[PDB]
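Below is one structure, written out as C-alpha cells; comments come after it.
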Amino acid sequence: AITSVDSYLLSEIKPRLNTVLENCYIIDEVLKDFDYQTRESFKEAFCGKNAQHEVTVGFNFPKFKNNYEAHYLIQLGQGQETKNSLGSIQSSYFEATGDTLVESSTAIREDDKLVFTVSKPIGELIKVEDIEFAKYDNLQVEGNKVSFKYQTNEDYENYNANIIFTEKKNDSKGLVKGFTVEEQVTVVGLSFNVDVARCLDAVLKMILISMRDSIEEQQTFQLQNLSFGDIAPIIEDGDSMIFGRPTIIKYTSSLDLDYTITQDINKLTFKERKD
Amino acid sequence: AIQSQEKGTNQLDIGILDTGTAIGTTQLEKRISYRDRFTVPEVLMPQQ
C-alpha cells in the first residue's frame, strides 16, 4: 500500500479548511494573538458562509492560473529510507484486510442478541465506544454485523454508538513486506498582501494539529516535524510581488506489499523406519 | 502613444503568469507618477 502523502494532504485540507473558515468563533481563537486590524480584515474577507472571497488549494506547475489573492500550494519534496526490519517483514495476517473505518450504528433487537450493522464486512473489530464486553456477553462478529447477547443489557435496545472496524476482502492469509520511509513535503501560502499570508500560515498550523487526531494520521502518518522558512517574495516580475512563507512537513510511513501464502499444511502422517 | 506592446508569459510552479511590458509616449505639460494607471477601453485582450 504505497502512500501518496500529497493526496492525503489535499483530502484532509479541503474539507477541514472550509469548515474552519465557515465559523467565526474558531477563527478568533486561532487569530487570538494577531492585532485587531489584520484579524478582522481577514475575517471580513474569507470568514463566514457568506464570504465572497474564497481560498483555493492546488499542486505545483498547473497550466491554468491560481487565485493569487489567497492560495495553498503543495509540492512533493524529498524522501528517504530510515529503518528496516529482518527479511523486510512488517506483519503477518490471516485475513486480507483493507482500510480501517469508523462507523456509527444503532443497536437492533434480535431474540437472543442486540446487533449493530455496518456498511461492509467487519473483519477485525477494534473497539465499540465505551463498551467492555464481558465473556457472558459473548461478543462475536458475523458478516457485516457485530452481536452481543441481550440479557442484563435490556435497557440498550436503542443504544447509539460509534464502531471502529476494518475492511475484510479475502480469507487468503499472507505476509507483509516493506520498510519505513521518512518523507518531506512542502506547503506554502501565497498572496500579494503579506498580512494575509501570515494569517493564512497560522490557520494552516491549527489544522495540522487537528490532523494529529485523525485516523489516517494516527495509524499511517506519524511523527510530525514542522519547519518554517522566511517570508520571501516569490515573484518580482509583475505589477506587485507575491509573498509566501514556505513550510516543510515530515512524515514516517510504511511502503508495504502483500505476499500471499498457499502452502497450508492440513495433513500430518508419521511413519516409522523399516529397520 | 504606445509602442512594443508585449505579453510576456512565465510558466511557473505557482501557475502561468503574465508579465507584459510596453513603452508609452505622452503629451506636453503632463507629469506622471510612479504606479499610475492607464486603461484602453477600445482594445480587447483574449484570455482563457
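Residue numbering restarts at 1 in every chain; chains get A, B, ... in the order shown in the C-alpha cells, and ligands count up from 1 in that same order.
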Determine, using only C-alpha atoms, which residues of chain B have any atom at most 12 Å from an atom of chain A, and tabulate each with its shortest atom pair and distance in Å to one decimal place, rows ordered by chain and then rising number, as CSV.
residue,atom,partner,partner_atom,distance
B:7,CA,A:238,CA,11.7
B:8,CA,A:237,CA,10.0
B:9,CA,A:237,CA,10.3
B:10,CA,A:237,CA,9.3
B:11,CA,A:61,CA,7.6
B:12,CA,A:61,CA,5.8
B:13,CA,A:61,CA,3.9
B:14,CA,A:60,CA,5.7
B:15,CA,A:62,CA,5.0
B:16,CA,A:65,CA,5.6
B:17,CA,A:65,CA,7.1
B:18,CA,A:238,CA,7.7
B:19,CA,A:238,CA,5.4
B:20,CA,A:238,CA,8.1
B:21,CA,A:238,CA,9.5
B:34,CA,A:239,CA,11.3
B:35,CA,A:239,CA,8.4
B:36,CA,A:239,CA,11.0
B:37,CA,A:239,CA,10.7
B:47,CA,A:65,CA,10.8
B:48,CA,A:64,CA,8.5
* Residue set, chain B restricted to strand (DSSP E or B), as a PyMOL selection string -> chain B and resi 2-6+9-11+16-18+21-24
Okay, now the selection with N, CA, C and O atoms, as a PDB file, in the first residue's frame?
ATOM      1  N   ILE B   2       1.679  54.533 -27.761  1.00  0.00           N
ATOM      2  CA  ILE B   2       2.170  53.313 -27.132  1.00  0.00           C
ATOM      3  C   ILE B   2       2.912  52.498 -28.180  1.00  0.00           C
ATOM      4  O   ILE B   2       2.537  52.486 -29.357  1.00  0.00           O
ATOM      5  N   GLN B   3       3.972  51.818 -27.746  1.00  0.00           N
ATOM      6  CA  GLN B   3       4.813  51.031 -28.631  1.00  0.00           C
ATOM      7  C   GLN B   3       5.183  49.722 -27.953  1.00  0.00           C
ATOM      8  O   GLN B   3       5.184  49.620 -26.723  1.00  0.00           O
ATOM      9  N   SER B   4       5.509  48.726 -28.775  1.00  0.00           N
ATOM     10  CA  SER B   4       6.086  47.469 -28.310  1.00  0.00           C
ATOM     11  C   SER B   4       5.222  46.801 -27.247  1.00  0.00           C
ATOM     12  O   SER B   4       5.735  46.261 -26.265  1.00  0.00           O
ATOM     13  N   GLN B   5       3.907  46.836 -27.431  1.00  0.00           N
ATOM     14  CA  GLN B   5       3.011  46.145 -26.517  1.00  0.00           C
ATOM     15  C   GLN B   5       3.317  44.656 -26.529  1.00  0.00           C
ATOM     16  O   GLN B   5       3.205  44.001 -27.567  1.00  0.00           O
ATOM     17  N   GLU B   6       3.699  44.121 -25.373  1.00  0.00           N
ATOM     18  CA  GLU B   6       4.236  42.771 -25.273  1.00  0.00           C
ATOM     19  C   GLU B   6       3.507  42.019 -24.173  1.00  0.00           C
ATOM     20  O   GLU B   6       3.317  42.551 -23.075  1.00  0.00           O
ATOM     21  N   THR B   9       4.799  35.908 -20.930  1.00  0.00           N
ATOM     22  CA  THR B   9       4.147  34.910 -20.096  1.00  0.00           C
ATOM     23  C   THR B   9       5.198  34.006 -19.478  1.00  0.00           C
ATOM     24  O   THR B   9       6.085  33.509 -20.178  1.00  0.00           O
ATOM     25  N   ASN B  10       5.093  33.798 -18.170  1.00  0.00           N
ATOM     26  CA  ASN B  10       6.002  32.940 -17.425  1.00  0.00           C
ATOM     27  C   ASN B  10       5.233  31.724 -16.933  1.00  0.00           C
ATOM     28  O   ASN B  10       4.197  31.865 -16.275  1.00  0.00           O
ATOM     29  N   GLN B  11       5.738  30.538 -17.252  1.00  0.00           N
ATOM     30  CA  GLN B  11       5.168  29.289 -16.770  1.00  0.00           C
ATOM     31  C   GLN B  11       5.945  28.858 -15.536  1.00  0.00           C
ATOM     32  O   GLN B  11       7.157  28.631 -15.608  1.00  0.00           O
ATOM     33  N   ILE B  16       0.672  29.770 -14.462  1.00  0.00           N
ATOM     34  CA  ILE B  16       1.042  30.676 -15.541  1.00  0.00           C
ATOM     35  C   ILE B  16       0.777  32.099 -15.086  1.00  0.00           C
ATOM     36  O   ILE B  16      -0.175  32.362 -14.342  1.00  0.00           O
ATOM     37  N   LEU B  17       1.625  33.022 -15.524  1.00  0.00           N
ATOM     38  CA  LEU B  17       1.512  34.408 -15.108  1.00  0.00           C
ATOM     39  C   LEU B  17       1.957  35.304 -16.249  1.00  0.00           C
ATOM     40  O   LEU B  17       2.879  34.965 -16.996  1.00  0.00           O
ATOM     41  N   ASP B  18       1.295  36.449 -16.371  1.00  0.00           N
ATOM     42  CA  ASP B  18       1.552  37.393 -17.447  1.00  0.00           C
ATOM     43  C   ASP B  18       2.349  38.566 -16.899  1.00  0.00           C
ATOM     44  O   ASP B  18       1.908  39.237 -15.959  1.00  0.00           O
ATOM     45  N   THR B  21       5.119  44.066 -21.019  1.00  0.00           N
ATOM     46  CA  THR B  21       5.863  45.312 -20.989  1.00  0.00           C
ATOM     47  C   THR B  21       5.521  46.122 -22.228  1.00  0.00           C
ATOM     48  O   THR B  21       5.261  45.562 -23.296  1.00  0.00           O
ATOM     49  N   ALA B  22       5.519  47.441 -22.075  1.00  0.00           N
ATOM     50  CA  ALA B  22       5.188  48.332 -23.171  1.00  0.00           C
ATOM     51  C   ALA B  22       5.803  49.693 -22.903  1.00  0.00           C
ATOM     52  O   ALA B  22       6.170  50.013 -21.769  1.00  0.00           O
ATOM     53  N   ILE B  23       5.909  50.491 -23.959  1.00  0.00           N
ATOM     54  CA  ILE B  23       6.534  51.805 -23.908  1.00  0.00           C
ATOM     55  C   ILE B  23       5.515  52.832 -24.372  1.00  0.00           C
ATOM     56  O   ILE B  23       4.862  52.644 -25.406  1.00  0.00           O
ATOM     57  N   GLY B  24       5.381  53.913 -23.611  1.00  0.00           N
ATOM     58  CA  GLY B  24       4.401  54.946 -23.889  1.00  0.00           C
ATOM     59  C   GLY B  24       5.067  56.289 -24.117  1.00  0.00           C
ATOM     60  O   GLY B  24       6.139  56.566 -23.575  1.00  0.00           O
TER      61      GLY B  24
END
* Selection near residue 9 (chain A), 10 Å with only C-alpha atoms, sequence-local residues under 4 positions removed, as number ranges by chain -> A: 4-5, 13-14, 74, 185, 187, 208, 211
* To do: Find the spatial neighbours of residue 231 (chain A), counting only C-alpha atoms, within a cut-off of 10 Å - ignore same-chain residues fewer than 4 positions away - and output them as a PyMOL selection string.
  => chain A and resi 194+197-198+243-246
Written file, previous selection with N, CA and C atoms, as a CSV table (one decimal), in the first residue's frame:
chain,number,residue,atom,x,y,z
A,194,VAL,N,1.1,40.8,2.5
A,194,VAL,CA,1.8,40.0,3.4
A,194,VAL,C,1.0,39.6,4.6
A,197,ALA,N,-0.9,36.5,4.2
A,197,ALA,CA,-0.1,35.3,4.2
A,197,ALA,C,0.2,34.8,5.6
A,198,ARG,N,0.5,35.8,6.5
A,198,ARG,CA,0.7,35.4,7.9
A,198,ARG,C,-0.5,34.8,8.6
A,243,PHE,N,4.1,37.2,-2.0
A,243,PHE,CA,4.8,36.9,-0.8
A,243,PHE,C,4.2,35.6,-0.2
A,244,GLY,N,5.1,34.7,0.3
A,244,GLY,CA,4.7,33.5,0.9
A,244,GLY,C,5.7,32.9,1.8
A,245,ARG,N,5.3,32.3,2.9
A,245,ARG,CA,6.2,31.6,3.8
A,245,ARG,C,6.1,30.1,3.6
A,246,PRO,N,7.1,29.5,3.0
A,246,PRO,CA,7.1,28.0,2.9
A,246,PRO,C,7.1,27.3,4.2
* Could you check which of A:261, A:27, A:89, A:215 is closest to residue 173 (chain A), using only C-alpha atoms? => A:261
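CA of residue 179 (chain A) to CA of residue 224 (chain A) spans 18.2 Å [interatomic distance, one decimal].
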* Apply DSSP to the structure's backbone, then extract all residues of region 12-136 of chain A labelled alpha helix (DSSP H) and return them as a PyMOL selection string. => chain A and resi 12-22+25-30+36-45
Can those selected residues be exported to a file as a compact mmCIF listing (two decimals), in the first residue's frame so that it contains N, CA and C atoms?
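And here's again.txt as it stands now:
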# COMPACT_ATOMS: atom_id res chain seq x y z
N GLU A 12 -7.45 15.81 3.32
CA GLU A 12 -7.74 16.30 4.66
C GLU A 12 -7.98 17.81 4.67
N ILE A 13 -7.19 18.55 3.89
CA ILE A 13 -7.19 20.01 3.98
C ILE A 13 -8.50 20.58 3.47
N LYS A 14 -8.95 20.12 2.31
CA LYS A 14 -10.04 20.76 1.60
C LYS A 14 -11.32 20.79 2.43
N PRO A 15 -11.77 19.67 3.00
CA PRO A 15 -12.97 19.74 3.85
C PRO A 15 -12.74 20.51 5.13
N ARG A 16 -11.66 20.19 5.85
CA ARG A 16 -11.44 20.79 7.16
C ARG A 16 -11.24 22.30 7.05
N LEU A 17 -10.51 22.75 6.03
CA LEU A 17 -10.27 24.18 5.87
C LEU A 17 -11.58 24.93 5.67
N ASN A 18 -12.46 24.38 4.84
CA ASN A 18 -13.75 25.02 4.60
C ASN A 18 -14.55 25.14 5.89
N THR A 19 -14.52 24.09 6.71
CA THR A 19 -15.25 24.12 7.97
C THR A 19 -14.69 25.18 8.91
N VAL A 20 -13.37 25.32 8.97
CA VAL A 20 -12.76 26.28 9.89
C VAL A 20 -13.14 27.69 9.49
N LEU A 21 -13.02 28.01 8.20
CA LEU A 21 -13.38 29.34 7.72
C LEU A 21 -14.88 29.59 7.79
N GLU A 22 -15.68 28.53 7.90
CA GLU A 22 -17.13 28.69 7.89
C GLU A 22 -17.60 29.48 9.11
N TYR A 25 -16.11 31.88 15.43
CA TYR A 25 -15.60 31.67 16.78
C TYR A 25 -14.24 30.98 16.76
N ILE A 26 -14.10 29.96 15.91
CA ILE A 26 -12.84 29.22 15.84
C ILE A 26 -11.73 30.12 15.32
N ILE A 27 -12.06 30.97 14.34
CA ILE A 27 -11.05 31.84 13.75
C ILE A 27 -10.50 32.80 14.80
N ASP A 28 -11.39 33.33 15.65
CA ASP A 28 -10.94 34.23 16.70
C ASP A 28 -9.95 33.55 17.63
N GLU A 29 -10.23 32.29 17.99
CA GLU A 29 -9.30 31.53 18.81
C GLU A 29 -7.97 31.36 18.09
N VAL A 30 -8.02 31.07 16.79
CA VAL A 30 -6.80 30.87 16.01
C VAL A 30 -6.01 32.17 15.94
N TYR A 36 -5.93 43.67 16.03
CA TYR A 36 -7.33 43.80 15.65
C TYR A 36 -7.48 44.04 14.16
N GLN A 37 -6.63 44.90 13.59
CA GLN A 37 -6.79 45.31 12.20
C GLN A 37 -6.66 44.13 11.25
N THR A 38 -5.57 43.37 11.37
CA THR A 38 -5.36 42.24 10.48
C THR A 38 -6.41 41.16 10.72
N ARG A 39 -6.77 40.94 11.98
CA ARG A 39 -7.69 39.86 12.32
C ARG A 39 -9.05 40.05 11.65
N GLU A 40 -9.61 41.26 11.77
CA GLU A 40 -10.95 41.49 11.27
C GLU A 40 -10.97 41.61 9.75
N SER A 41 -9.93 42.20 9.16
CA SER A 41 -9.88 42.31 7.71
C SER A 41 -9.88 40.94 7.06
N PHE A 42 -9.10 40.00 7.60
CA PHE A 42 -9.14 38.63 7.12
C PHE A 42 -10.52 38.03 7.32
N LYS A 43 -11.11 38.26 8.49
CA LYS A 43 -12.44 37.74 8.77
C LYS A 43 -13.47 38.34 7.83
N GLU A 44 -13.36 39.64 7.56
CA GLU A 44 -14.28 40.29 6.64
C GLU A 44 -14.19 39.67 5.25
N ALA A 45 -13.01 39.17 4.88
CA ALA A 45 -12.80 38.68 3.52
C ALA A 45 -13.28 37.24 3.37
* Hey, what's within 10 Å of residue 117 (chain A) if we count only C-alpha atoms and toss same-chain stuff fewer than 4 positions away? As number ranges by chain, please? -> A: 103-108, 121-122, 142-147, 163
So that I have them on file, write out the residues from the current selection with N, CA and C atoms, as a PDB file, in the first residue's frame.
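selection-v7.pdb, freshly written:
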ATOM      1  N   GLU A 103     -17.528   3.925  11.948  1.00  0.00           N
ATOM      2  CA  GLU A 103     -18.921   3.982  11.533  1.00  0.00           C
ATOM      3  C   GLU A 103     -19.816   4.110  12.753  1.00  0.00           C
ATOM      4  N   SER A 104     -20.971   4.741  12.556  1.00  0.00           N
ATOM      5  CA  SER A 104     -21.957   4.910  13.611  1.00  0.00           C
ATOM      6  C   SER A 104     -23.145   4.001  13.334  1.00  0.00           C
ATOM      7  N   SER A 105     -23.714   3.433  14.393  1.00  0.00           N
ATOM      8  CA  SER A 105     -24.790   2.467  14.253  1.00  0.00           C
ATOM      9  C   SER A 105     -25.666   2.502  15.492  1.00  0.00           C
ATOM     10  N   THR A 106     -26.881   1.982  15.354  1.00  0.00           N
ATOM     11  CA  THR A 106     -27.818   1.846  16.459  1.00  0.00           C
ATOM     12  C   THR A 106     -28.112   0.369  16.679  1.00  0.00           C
ATOM     13  N   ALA A 107     -28.210  -0.028  17.944  1.00  0.00           N
ATOM     14  CA  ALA A 107     -28.493  -1.419  18.270  1.00  0.00           C
ATOM     15  C   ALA A 107     -29.862  -1.822  17.741  1.00  0.00           C
ATOM     16  N   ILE A 108     -29.977  -3.086  17.342  1.00  0.00           N
ATOM     17  CA  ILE A 108     -31.216  -3.650  16.819  1.00  0.00           C
ATOM     18  C   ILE A 108     -31.623  -4.810  17.713  1.00  0.00           C
ATOM     19  N   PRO A 121     -18.244  -5.747   5.420  1.00  0.00           N
ATOM     20  CA  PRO A 121     -17.876  -6.849   6.318  1.00  0.00           C
ATOM     21  C   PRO A 121     -16.908  -6.393   7.400  1.00  0.00           C
ATOM     22  N   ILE A 122     -17.107  -6.920   8.609  1.00  0.00           N
ATOM     23  CA  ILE A 122     -16.434  -6.374   9.782  1.00  0.00           C
ATOM     24  C   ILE A 122     -14.958  -6.740   9.788  1.00  0.00           C
ATOM     25  N   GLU A 142     -20.270 -11.288  12.688  1.00  0.00           N
ATOM     26  CA  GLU A 142     -20.927 -12.096  11.665  1.00  0.00           C
ATOM     27  C   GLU A 142     -21.128 -11.219  10.438  1.00  0.00           C
ATOM     28  N   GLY A 143     -20.410 -11.531   9.362  1.00  0.00           N
ATOM     29  CA  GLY A 143     -20.547 -10.793   8.122  1.00  0.00           C
ATOM     30  C   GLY A 143     -20.248  -9.318   8.283  1.00  0.00           C
ATOM     31  N   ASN A 144     -21.283  -8.487   8.167  1.00  0.00           N
ATOM     32  CA  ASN A 144     -21.163  -7.044   8.312  1.00  0.00           C
ATOM     33  C   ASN A 144     -21.751  -6.535   9.617  1.00  0.00           C
ATOM     34  N   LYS A 145     -22.028  -7.423  10.569  1.00  0.00           N
ATOM     35  CA  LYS A 145     -22.668  -7.051  11.818  1.00  0.00           C
ATOM     36  C   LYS A 145     -21.929  -7.665  12.996  1.00  0.00           C
ATOM     37  N   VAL A 146     -22.036  -6.992  14.137  1.00  0.00           N
ATOM     38  CA  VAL A 146     -21.443  -7.429  15.393  1.00  0.00           C
ATOM     39  C   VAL A 146     -22.568  -7.622  16.396  1.00  0.00           C
ATOM     40  N   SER A 147     -22.465  -8.675  17.206  1.00  0.00           N
ATOM     41  CA  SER A 147     -23.558  -9.092  18.069  1.00  0.00           C
ATOM     42  C   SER A 147     -23.064  -9.307  19.489  1.00  0.00           C
ATOM     43  N   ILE A 163     -18.437   2.743  15.942  1.00  0.00           N
ATOM     44  CA  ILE A 163     -17.732   1.476  15.806  1.00  0.00           C
ATOM     45  C   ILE A 163     -16.482   1.710  14.977  1.00  0.00           C
TER      46      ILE A 163
END
* **For residue 150 (chain A): contacts at 8 Å, only C-alpha atoms, fewer than 3 positions along chain excluded, given as a PyMOL selection string** => chain A and resi 111-114+137+153-154
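You will find CA of residue 207 (chain A) at 26.3 Å from CA of residue 161 (chain A).
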* To do: Would you mind telling me which residue in A:249, A:196, A:115, A:102 lies nearest to residue 166 (chain A) when using only C-alpha atoms?
  => A:102
* Using CA of residue 96 (chain A) and CA of residue 180 (chain A) as the two end points, give the distance in Å to one decimal. =>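 Going from CA of residue 96 (chain A) over to CA of residue 180 (chain A), I get 21.1 Å.
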* To do: Might you pull out every residue within 12 Å of region 262-270 of chain A, with only C-alpha atoms counted and same-chain residues fewer than 5 positions away left off, and present them as a list in words?
  =>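 Skipping anything fewer than 5 positions along the chain leaves residues 94, 171, 172, 173, 174 and 175 of chain A.
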